[PDB]
Amino acid sequence: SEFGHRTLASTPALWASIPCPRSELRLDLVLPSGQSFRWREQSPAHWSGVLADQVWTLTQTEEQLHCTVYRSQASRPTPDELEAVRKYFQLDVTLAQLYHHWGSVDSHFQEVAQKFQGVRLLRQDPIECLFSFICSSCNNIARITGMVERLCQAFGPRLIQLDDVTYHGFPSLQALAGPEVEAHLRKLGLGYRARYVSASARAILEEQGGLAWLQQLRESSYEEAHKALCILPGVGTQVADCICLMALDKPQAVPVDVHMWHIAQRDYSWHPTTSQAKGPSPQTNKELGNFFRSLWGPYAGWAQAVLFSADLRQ
DNA sequence: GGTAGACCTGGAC
DNA sequence: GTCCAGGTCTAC
Ligand SMILES: [Ca+2]
Ligand SMILES: [Ca+2]
């Protein structure tokens, strides 16, 4: 059918594949795992969301990642469009090589890895990432998802409508920094997060030199980037690490939340050796990130994603 | 320098 | 009805 969300069966000629075995990527273990909060499984095994300013639907078979895009006459995705998809999933980073290494250095990762293959990091937009995670504060993945889409519906560009879903592009800096945005976000249920969204939008635009400041962080060192990000209102150590890891190409960045504390304790009998505190605190959190980084290497943030994800299923 | 308490809320046990 | 989720900010 010409309407509604597509499916591999439904509209055969509208899809194009990207070679990709399930061992290198698993949508159901990545898309709803707290990295991006903008993907939904409309029909079973089919995920629809905004990717590179367009709406896509993705579904995978054992060796292929099937993609379809909604923009002109309907048609399969072009090689360039598909390239953007390959880019978003950083398919050039070989998950098999990373899992192997992590496995040989961490007997525990080995055990968990066997059952949770295909977990990788998405290369996200700094702006979308920065604001989505500002909303992470004392919040669960479902509530976060709700806030973010409401935020996008209210200040994001209208893209296309499939069934009763009107997809929106992520709001721009200028839009989020607009008069009365906070008040609006509060009526949307973001709570005290409304304030930080507005504050950070204005901060970047009226104090840091704008969008470029954020984007230039991809060329900066992990340390510089993380240091810079913490300046923004509502952006602490954890949020900045998420941004570094998920959007600034800092693969060693390890977000330390309660989840990783439970993992560190239960699975590694970890204890803080520096800080004198027995639980989560700025100094012990820093210490843990260094513990994982020392344990897994340069792509510790990635290894972190595999366990965080596995810890969510449970 | 290293804590405790304030800040919002929808789904839980 | 108290509890919990990918926290952060700041006053003592
Ligand atoms: Ca929490
Ligand atoms: Ca800050």
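Side chains are part of it too, since the values below use all heavy atoms of this structure and drop only hydrogens, waters and symmetry mates. Chain A is the first sequence line, chain B the second, and so forth, proteins listed ahead of strands; every chain is numbered from 1.
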What is the nucleic acid contact for A/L185, judged by heavy atoms within less than 4.0 Å: base, sugar-phosphate only, or nothing? nothing
Does any non-hydrogen side-chain atom of A/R40 lie less than 4.5 Å from one of A/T145? yes
Within the structure provided, determine whether A/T59 and A/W15 are in side-chain contact (heavy-atom separation under 4.5 Å). yes
Flag for A/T61-A/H66: side-chain donor and acceptor within less than 3.5 Å: yes
Using the [atom1] atoms only, state how far [M] lies from [N], rounded to an integer number of Å.
N	M	atom1	answer
B/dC13	C/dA5	P	12 Å
B/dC8	C/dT10	P	14 Å
B/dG5	C/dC3	P	15 Å
C/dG7	B/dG1	P	27 Å

Whole angstrom value for the distance that separates [atom2] of [N] from [atom1] of [X]:
X	N	atom1	atom2	answer
A/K286	B/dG1	NZ	P	14 Å
A/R143	B/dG11	CZ	P	10 Å
A/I231	C/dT8	CD1	P	15 Å
A/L130	C/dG7	CG	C1'	14 Å
A/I243	C/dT8	CD1	P	10 Å
A/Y196	C/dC9	OH	P	5 Å
A/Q238	C/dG7	CD	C1'	6 Å
A/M260	C/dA5	CE	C1'	16 Å

Spacing of A/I263 atom CD1 and A/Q304 atom CD [to the nearest 0.5 Å]: 8.0 Å
Should B/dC8 form a Watson-Crick or G-U wobble pair with both distances under 3.5 Å, which nucleotide is its partner? none
Has A/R186 got a side-chain N or O lying under 4.0 Å from the OP1 or OP2 atom of B/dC8? yes
Consider side-chain contact (heavy atoms from CB on, under 4.5 Å). Of A/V69, A/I160, A/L159, which one does A/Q54 pass it with? A/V69
The side chain of A/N140 is closest to which nucleotide in this list: B/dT3, C/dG7, C/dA5? C/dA5
